[PDB]
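Novice: Have a look at this one before I ask anything.
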Amino acid sequence: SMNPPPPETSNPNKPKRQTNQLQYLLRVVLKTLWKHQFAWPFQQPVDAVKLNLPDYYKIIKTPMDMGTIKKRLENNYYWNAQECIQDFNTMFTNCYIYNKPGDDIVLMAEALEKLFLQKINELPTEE
Ligand SMILES: CCN1C(=O)c2cccc3c(S(=O)(=O)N4CCC[C@H](N)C4)ccc1c23
């Protein structure tokens with residue numbers, strides 16, 4: 001078995017911006033979700049070897065996780081909040097693709113995604 005390289009968290013040639021909305025996504029949205037009792041499976045890339053999910057990266061070709069998102073935010077990786085929101089949506093969608101309704105992991109994602117949508121319903125003003 002073999003895990004792939006994890007998603008990049010630094011890229012000097014990518015254009016970057018420190019937006020009020022991006023700061024909010026790190027200080028409030030990510031840090032709040034991070035402390036949820038159901039966040040731990042999402043705090044790092046899937047270790048398919050450890051978890052004995054040898055088919056995970058046969059199915060999931062755009063992996064994402066909150067640890068990667070947290071690093072990108074702290075390293076000022078994004079140009080705008082929509083880029084970061086899209087990473088969150090990739091993380092949730094990957095879980096719904098690989099797993100099935102009713103699985104414990106899907107219940108955890110469903111709960112986190114509802115909280116996620118509550119927190120981003122209102123972002124601070126692009127002053
Ligand atoms: C979110 C990424 N991701 C998956 O797609 C996925 C599929 C099956 C298990 C599993 C685990 S686990 O084995 O540690 N465990 C966590 C909580 C209780 C669940 N029954 C499974 C951690 C993170 C995972 C998975």
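Following the order of the structure tokens, first chain is A, next is B, and so on, with residues numbered from 1 inside each chain and ligands from 1 in the order they appear.
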Leaving out residue 39 (chain A) and any residue of its chain fewer than 4 positions from it, which residues lie within 8 Å of it when counting only C-alpha atoms, given as a tab-separated table (two decimals) with C-alpha atoms, in the first residue's frame?
Specialist:
```
chain	number	residue	atom	x	y	z
A	33	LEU	CA	-15.13	23.40	13.61
A	34	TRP	CA	-11.73	22.15	14.80
A	35	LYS	CA	-12.95	21.83	18.42
A	43	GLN	CA	-7.96	17.11	11.02
A	108	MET	CA	-19.88	13.20	11.58
A	112	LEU	CA	-19.81	19.41	10.68
```
Novice: Counting only C-alpha atoms and all ligand atoms, what are the residues, protein, DNA or RNA alike, that approach ligand 1 to within 8 Å? I want them as number ranges by chain.
Specialist: A: 40-42, 45-46, 51, 53, 56, 65, 91-92, 94-96, 98-99, 103-105, 108-109
Novice: Pick out the closest residue to residue 63 (chain A) from this set: A:127, A:122, A:113, A:8. Count only C-alpha atoms.
Specialist: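 Selected residue with least distance to residue 63 (chain A): A:8.
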Novice: Looking at A:9, A:100, A:118, A:69, which one is nearest to residue 86 (chain A), with distances taken over only C-alpha atoms?
Specialist: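 Result for the nearest residue to residue 86 (chain A): A:69.
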Novice: Which residues are near residue 32 (chain A)? Cut-off 10 Å, only C-alpha atoms, ignore same chain within fewer than 6 positions. Put them as a PDB file with N, CA, C and O atoms, in the first residue's frame.
Specialist:
```pdb
ATOM      1  N   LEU A  25     -12.336  33.131   8.220  1.00  0.00           N
ATOM      2  CA  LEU A  25     -12.414  31.689   7.985  1.00  0.00           C
ATOM      3  C   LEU A  25     -11.415  30.921   8.840  1.00  0.00           C
ATOM      4  O   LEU A  25     -11.673  29.766   9.206  1.00  0.00           O
ATOM      5  N   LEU A  26     -10.276  31.529   9.172  1.00  0.00           N
ATOM      6  CA  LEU A  26      -9.314  30.866  10.049  1.00  0.00           C
ATOM      7  C   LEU A  26      -9.641  31.070  11.526  1.00  0.00           C
ATOM      8  O   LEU A  26      -9.697  30.101  12.290  1.00  0.00           O
ATOM      9  N   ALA A  39     -14.724  16.477  14.868  1.00  0.00           N
ATOM     10  CA  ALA A  39     -13.763  17.016  13.911  1.00  0.00           C
ATOM     11  C   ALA A  39     -12.548  16.113  13.709  1.00  0.00           C
ATOM     12  O   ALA A  39     -11.933  16.161  12.642  1.00  0.00           O
ATOM     13  N   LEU A 115     -22.840  22.819  10.629  1.00  0.00           N
ATOM     14  CA  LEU A 115     -22.194  23.890  11.373  1.00  0.00           C
ATOM     15  C   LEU A 115     -21.401  24.795  10.437  1.00  0.00           C
ATOM     16  O   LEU A 115     -21.474  26.026  10.542  1.00  0.00           O
ATOM     17  N   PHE A 116     -20.658  24.199   9.504  1.00  0.00           N
ATOM     18  CA  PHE A 116     -19.902  24.976   8.524  1.00  0.00           C
ATOM     19  C   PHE A 116     -20.807  25.966   7.796  1.00  0.00           C
ATOM     20  O   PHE A 116     -20.490  27.155   7.695  1.00  0.00           O
ATOM     21  N   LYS A 119     -21.839  28.907   9.932  1.00  0.00           N
ATOM     22  CA  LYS A 119     -20.836  29.927  10.217  1.00  0.00           C
ATOM     23  C   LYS A 119     -20.531  30.789   8.996  1.00  0.00           C
ATOM     24  O   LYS A 119     -20.190  31.965   9.151  1.00  0.00           O
TER      25      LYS A 119
END
```
Novice: Within chain A, find each residue whose DSSP state, derived from the backbone, is helix (DSSP H, G or I), and express the selection as a PyMOL selection string.
Specialist: chain A and resi 20-34+40-42+56-59+66-74+81-98+104-120
Novice: Check the smallest atom-to-atom distance from each of A:75, A:82, A:121, A:90 to residue 16 (chain A) using only C-alpha atoms, then report the winner.
Specialist: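 Nearest candidate to residue 16 (chain A) out of A:75, A:82, A:121, A:90: A:75.
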Novice: Could you check which of A:28, A:22, A:49, A:120 is closest to residue 2 (chain A), using only C-alpha atoms?
Specialist: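 Smallest distance to residue 2 (chain A) is found for A:49.
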Novice: From the options A:126, A:55, A:83, A:47, which residue's atoms come nearest to residue 4 (chain A), counting only C-alpha atoms?
Specialist: A:47
Novice: Can you tell me which residues surround residue 12 (chain A) at a distance of at most 12 Å, considering only C-alpha atoms, apart from same-chain residues fewer than 5 positions away, and format the answer as a list in words?
Specialist: residues 75, 76, 77 and 78 of chain A
Novice: Smallest atom-to-atom distance to residue 23 (chain A): which of A:80, A:89, A:44, A:62, using only C-alpha atoms?
Specialist: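 Distance minimum relative to residue 23 (chain A) lands on A:80.
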Novice: Could you work out how far CA of residue 48 (chain A) lies from CA of residue 60 (chain A), giving the answer in Å with one decimal?
Specialist: 10.9 Å
Novice: What does the structure give for the distance between CA of residue 57 (chain A) and CA of residue 30 (chain A), in Å to one decimal?
Specialist: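 Going from CA of residue 57 (chain A) over to CA of residue 30 (chain A) covers 24.8 Å.
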Novice: Could you please determine the separation between CA of residue 110 (chain A) and CA of residue 93 (chain A) in Å, to one decimal place?
Specialist: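 So the answer is 10.3 Å.
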